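Q: Pasting a structure here, questions to come.
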Amino acid sequence: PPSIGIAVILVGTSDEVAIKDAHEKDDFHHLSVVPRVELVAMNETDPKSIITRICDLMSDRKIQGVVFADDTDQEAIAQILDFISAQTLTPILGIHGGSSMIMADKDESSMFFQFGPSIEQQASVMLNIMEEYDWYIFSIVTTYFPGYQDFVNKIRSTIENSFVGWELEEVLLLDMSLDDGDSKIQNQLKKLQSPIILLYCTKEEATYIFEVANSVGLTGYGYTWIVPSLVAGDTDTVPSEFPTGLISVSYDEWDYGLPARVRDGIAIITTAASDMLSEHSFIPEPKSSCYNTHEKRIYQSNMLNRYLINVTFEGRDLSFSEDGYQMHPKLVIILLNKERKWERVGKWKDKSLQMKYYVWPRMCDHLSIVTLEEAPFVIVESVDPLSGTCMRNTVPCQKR
Amino acid sequence: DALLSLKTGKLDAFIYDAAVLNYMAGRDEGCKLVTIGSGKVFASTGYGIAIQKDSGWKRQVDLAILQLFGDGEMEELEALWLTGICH
Amino acid sequence: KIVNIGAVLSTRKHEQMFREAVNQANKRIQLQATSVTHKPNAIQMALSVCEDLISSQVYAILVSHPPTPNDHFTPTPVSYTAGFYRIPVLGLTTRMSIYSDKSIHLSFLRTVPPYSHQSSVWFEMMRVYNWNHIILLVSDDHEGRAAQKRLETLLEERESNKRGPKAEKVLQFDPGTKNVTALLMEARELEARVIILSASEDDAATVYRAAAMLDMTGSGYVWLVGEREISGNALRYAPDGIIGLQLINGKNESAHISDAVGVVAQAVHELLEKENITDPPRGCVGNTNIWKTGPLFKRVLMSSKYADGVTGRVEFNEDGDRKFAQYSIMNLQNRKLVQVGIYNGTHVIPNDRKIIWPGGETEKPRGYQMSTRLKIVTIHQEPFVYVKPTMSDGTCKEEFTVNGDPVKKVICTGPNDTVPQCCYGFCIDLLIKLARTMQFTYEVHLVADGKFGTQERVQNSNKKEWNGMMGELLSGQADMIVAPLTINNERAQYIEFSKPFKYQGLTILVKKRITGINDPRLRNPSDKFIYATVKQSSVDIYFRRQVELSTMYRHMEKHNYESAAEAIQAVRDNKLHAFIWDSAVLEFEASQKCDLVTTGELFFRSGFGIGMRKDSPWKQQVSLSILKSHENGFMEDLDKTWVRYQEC
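Chains as they are written, first to last, in my numbering: chain A, 5 to 404; chain B, 923 to 1009; chain C, 45 to 692.
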């Protein structure tokens, strides 16, 4: 029942009024404390100001912690989410924008929390889409940029021990910093027989080699484009140098609202917090100020944060990963529309997905055919229940 | 339904396609059902999967038939799917 | 038209001399330097950056201002803020790649290059040592794990003569543990003496301590450790004859920080040598975004190189962290460092006096040594191996031959359903040919699975891999085992196996139509016709690859018998039409008991096999060994010993 001293950050253009409503409009019966409302406010995007109003905010105010978020592009949102998190030993879970962004390889003692899948798990659901894409053979691409050995790692990994009919040609990783000694755009370009194109790189470099590929033209109609949401970046951003009709997935811009799912996230903070209120029945010694928390560092030993790292709220799983990734991550499939803009593909959550339509992402050869099963001439077939794959040539058909 | 009927003989006979009588011909639990006659031609005809009217694949799909007869794997699957149990 | 740079130094002399050399190279269109101290509080260094550097519109700062209590000096979030302006930053505070990673810290460098190339310099340095088999382990951590990764990248580099960059074994440890005694037992299991590890000095004290307890730190193990493990308090626990290393002139802010000034100048004139050369905005508050030119200035940092610095000629790296460093090797002299010298990228410096190996070893010893007894496991193969219950003392009944020779059954141990036993079979006779070539003993175990192993996706993880003792050979559980089995692409997919001189066969046996499988009688087996093979067998893979397997494999999966011995049971029982088994082994069974009439067909005829995993002296030894096996009468022997054992 203890009121949780907290600060919910607001910076830039944001409506926190309704946030105050809902956070004050609910009462948590299962949790020790009912749902509560405390809302921080900020304007400037200077991280110095972040330390100012924030490090001054939660420390100066009465709090055992705070959940800060905003919609800005800040990578320092994560850098000081963990850096300031453990620096304050305070859990930091981004609820929006550059905050909710998944931190890449945080610090050991880093207290910053998170929710989502792994970029690994992301591309894994992407492999499930390849099953929806029903492309048995495949191929990928990457730069020398980060996640390289990671994406290939979990890539070949998912492509490794499975009993699935997954197959892939190869993936060309390189660095476009200097010139291409072989102009290897063409070299690996012809090497690609798979329609699906899956690359890992920065959106700008993605335009460098993507436009370079338009020059190669290897993107020519009949291929397919799998893009990282990170490589994608802004849904509003639609660089034409990138491949048209590209496909991706991420946390839902349409379906998932920042204030709503964020409010539910605060309720999850209540869930694990009350869980520790029962289990731990105590807390480490808080010291608000930096120099104050400087002496109280050693006083922080959290197995309840571990107990918090395993959590669920409102029926949703609040358990984070070692990456902070949601134990039950949910995501929205993404696409690049015919608008010369992105398209909403669908929604994919934790070994489940909502596809755009029964038909494949038809382009704009392929010809529809339908009939009835009369054996031996025509046999219906039951695809693998656990999977849907099959031996030989068996293909599917329509069912209303 | 009519197949197990005729198996019991719920009607005097079961009419059906000589193809239906073909896949139905080879595969049978016991030996009871037989063709109309030995299977002598009744309404000689043949089947294929067409396309949109006057489709451009017309001459092309024609060539596909030329591969059908020009295949002999027609004999292959003519066992594989089409080998009968009666023999 | 003048440089304005705030910074944070360790000492007053750092700031003063910093501005001094700043003037000197500023002449060598002018520049000056301004530095601060290491601010005690985290927020202190934070807002400190938000002003003294920011308000200075600081060009760049090469920052190591630690207590030198390691700690991976805090100002990671500092160079982060340098990213908040996209301003330049270069790490002086770490020899770890932690300061490297761009996703964490984009703008950064190393006056102390990442420890990655270090143990890699120990890799090419082992090519100098010409050592082959090398195994590695270390505590659980990002820098440690990924360090071993990059080490493998060095190993992966050799992917594209005799032997090569041989990786013996990859183990791992957890962070902060006392006893490695389990992993120490793994080191016992490690034949190679090469010991590759990285840690701090005290965990290294656990290494030499418990290792000596395991007698691993004892002479006869070549320890390649990390500088953090090597240097420091480990000197008390220092292993005898062990060596340690560090880069040339790294730890001295005199020559190293001086080099930061010099290369800083290469990037100053260079900083004035590009298009739209300028400085980023000043006020932190008042800067809500990253400087575009500041980021372009960081691109100039990617373009930043120096002819020769205070440390001499140095370039950037892929990480842009220094370049062409030289790690000074120091041999042990009476548990004291006797410097071998610095190994540059090309260059390497041996000592003047002969370096000391861990023991009195004059040269790097030969690590890989196979065991005399090579553990084996299998299921009784009626073709050869017949495992009988041994005597009450476990003895075997002395058995003459048809010629009268008192043949020797193969003593063995097997499970409860654990028990020892003995086995009468020509397989172990081939083993006697093996040790008869190069002496190899062995430890016989059993195999209860559906095959040697069956590549299979379990009910969990959907991980498709050999299900059976074959994985244990991949696991090498039994050191060297054998089964009279035909190889498969799965084995190819698994590992290189041997080539048996035996010529096997595969078809179904029937009790004593009956044509080939494709025959409609067989191809469409009636209700009266039932047939199957052993569950998880190799033939299970055989039929499991086929067009018509639906009836055969699928429909027979209902009729599928788990135990092949059980298939012999229901076979002689004739509870089914025919029994799919090894047609060779069928001939062996039809030999002893003709109550079953095997078919005459011909399918999948290969031969026997023995445990073979990747590199083994049994590669050529066993290959040409077989060449003699068929080449000698030992083949014709087994014929007499087995084939001629058929009365009917």
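Cβ atoms here follow ideal geometry from the backbone N, Cα and C, with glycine treated the same way.
I want to verify the contact list: residues of chain C whose CB lies under 7 Å from the CB of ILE1007/B, in sequence order.
A: Simply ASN568.
Q: Quick check for students: name the residue ranges of the beta strand (DSSP E) that lie wholly in the stretch 156-227 of chain A, counting only runs of 3 or more.
A: As far as the stretch 156-227 of chain A is concerned, its whole beta strand (DSSP E) runs of at least 3 residues are 175-178, 200-202.
Q: Within 8 Å, do at least three Cβ pairs link the stretch 644-652 of chain C to the stretch 540-555 of chain C?
A: Taking 8 Å as the limit for Cβ pairs, the verdict is that the stretch 644-652 of chain C does touch the stretch 540-555 of chain C.
Q: Helix, strand or coil for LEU228/C per DSSP?
A: Correct three-state label for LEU228/C: helix.
Q: Roughly how many angstroms separate the alpha carbons of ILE144/A and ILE201/A, rounded to a whole number?
A: If I take the Cα positions, the gap works out to 6 Å.
Q: Determine the contact status of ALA622/C and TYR575/C, defining contact as a CB-CB distance below 7 Å.
A: Result yes, Cβ atoms of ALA622/C and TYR575/C sit closer than 7 Å.
Q: Using the beta-carbon count (16 or more within 10 Å), is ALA231/C buried or exposed?
A: So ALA231/C counts as buried.
Q: Roughly how many angstroms lie between the CA atoms of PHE632/C and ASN532/C, to the nearest whole one?
A: So the two alpha carbons sit approximately 22 Å from each other.
Q: Flag this pair as touching only if the stretch 245-265 of chain A and the stretch 322-331 of chain A have three or more C-beta atom pairs under 8 Å; answer yes or no.
A: As far as the Cβ criterion goes, the stretch 245-265 of chain A does not touch the stretch 322-331 of chain A, which means the pair count is below three.
Q: Could I get the ranges of all uninterrupted alpha helix (DSSP H) runs contained in the stretch 143-176 of chain C, with 4 residues as the minimum, in chain order?
A: Listed in chain order, the complete alpha helix (DSSP H) runs (minimum 4 residues) inside the stretch 143-176 of chain C are 159-173.
Q: With DSSP collapsed to three states, give me the class of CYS456/C.
A: DSSP places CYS456/C in strand when its eight states are reduced to three.
Q: From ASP246/C, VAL354/C, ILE654/C, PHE167/C, pick the residue whose C-alpha is nearest to that of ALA65/C; which is it?
A: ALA65/C has its Cα closest to that of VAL354/C, out of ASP246/C, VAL354/C, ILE654/C, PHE167/C.
Q: Just verifying my parser: in three-state terms, what is the DSSP assignment at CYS94/C?
A: Reduced to three states, the DSSP call for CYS94/C is helix.
Q: Classify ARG535/C: buried if its beta carbon has 16 or more other beta carbons within 10 angstroms, exposed otherwise.
A: By the 10 Å Cβ count, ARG535/C comes out buried.
Q: Below 7 Å CB to CB, which residues in the same chain sit around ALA304/C once its five sequence neighbours on both sides are set aside?
A: Around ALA304/C: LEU106, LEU136, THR155.
Q: Give me the DSSP bridge partner(s) of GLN290/C.
A: DSSP output for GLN290/C lists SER372/C as bridge partner(s).
Q: Which value, in whole angstroms, describes the spacing of the CA atoms of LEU985/B and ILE1007/B?
A: If I take the Cα positions, the gap works out to 33 Å.
Q: Would you please verify whether the beta carbon of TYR945/B is less than 7 Å from any beta carbon of chain A?
A: Yes, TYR945/B lies at the interface with chain A (some Cβ there is under 7 Å from its Cβ).
Q: What is the rounded straight-line gap between the Cα of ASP976/B and the Cα of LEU620/C?
A: If I take the Cα positions, the gap works out to 57 Å.
Q: Excluding five sequence neighbours on each side, which residues of the same chain lie with their C-beta closer than 7 Å to the C-beta of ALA86/C?
A: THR118, listed in sequence order.
Q: In terms of DSSP beta bridges, what is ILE133/A paired with?
A: None; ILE133/A has no bridge partner.
Q: With a CB to CB cut of under 8 Å and the five nearest residues on each side skipped, what residues in its chain are close to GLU283/A?
A: Counting only Cβ-Cβ distances below 8 Å, and skipping sequence neighbours, we find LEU308, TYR311.
Q: DSSP puts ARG320/A in a beta bridge; with which residues?
A: According to DSSP, which records beta bridges pairwise, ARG320/A is partnered with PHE317/A.
Q: Which chain A residues are close to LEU1004/B, counting only those with a beta carbon under 9 Å from its beta carbon?
A: In chain order: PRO380, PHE381.
Q: Could you please give me the residues that DSSP links to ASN511/C through a beta bridge?
A: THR498/C, per the DSSP bridge assignment.
Q: Measure how close the beta-carbons of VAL384/C and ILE393/C come, nearest whole angstrom, since I'm counting them as under 8 Å.
A: The Cβ separation is near 6 Å, so the contact holds.
Q: Let's test the definition: count the other Cβ atoms within 10 Å of the Cβ of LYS495/C and tell me whether it reaches 16, buried, or not, exposed.
A: It is buried - the Cβ of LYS495/C has at least 16 other Cβ atoms within 10 Å.
Q: Give, in chain order, every unbroken run of the alpha helix (DSSP H) that is at least 4 residues long and sits entirely within the stretch 54-118 of chain C.
A: Those alpha helix (DSSP H) runs which fall completely within the stretch 54-118 of chain C and span 4+ residues are 56-71, 86-92.
Q: Within a Cβ cutoff of 6 Å, which residues of the same chain sit near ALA924/B, ignoring the five residues on either side of it in sequence?
A: Excluding sequence neighbours, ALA924/B sits near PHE936.
Q: What residue does the beta strand (DSSP E) around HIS313/C start on, and which one ends it?
A: Premise fails: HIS313/C lies in the alpha helix (DSSP H), 299-313, not in any beta strand (DSSP E).
Q: Within a Cβ cutoff of 6 Å, which residues of the same chain sit near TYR938/B, ignoring the five residues on either side of it in sequence?
A: No residues qualify anywhere along the chain.
Q: Taking only the alpha-carbon atoms, compute the straight-line gap between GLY226/A and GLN192/A and give it to the nearest angstrom.
A: So the two alpha carbons sit approximately 17 Å from each other.
Q: On a CA-only basis, which of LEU241/C, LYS57/C, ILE179/C, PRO283/C is nearest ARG253/C? Give me that one, please.
A: Among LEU241/C, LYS57/C, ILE179/C, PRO283/C, the Cα nearest to that of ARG253/C belongs to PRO283/C.
Q: Using the Cα positions of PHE470/C and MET435/C, report the straight-line distance between them to the nearest angstrom.
A: Distance between the alpha carbons of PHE470/C and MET435/C: 20 Å.
Q: If you count every other CB in all the chains shown that lies within 10 Å of the CB of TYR361/A, and 16 or more means buried, which is it?
A: Exposed, since its Cβ has fewer than 16 Cβ neighbours within 10 Å.
Q: Can you determine whether any heavy atom of the ligand ZN sits closer than 6 Å to the C-beta of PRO528/C, and answer yes or no?
A: Among the components modelled here there is no ligand, and therefore nothing to report on the ligand ZN.
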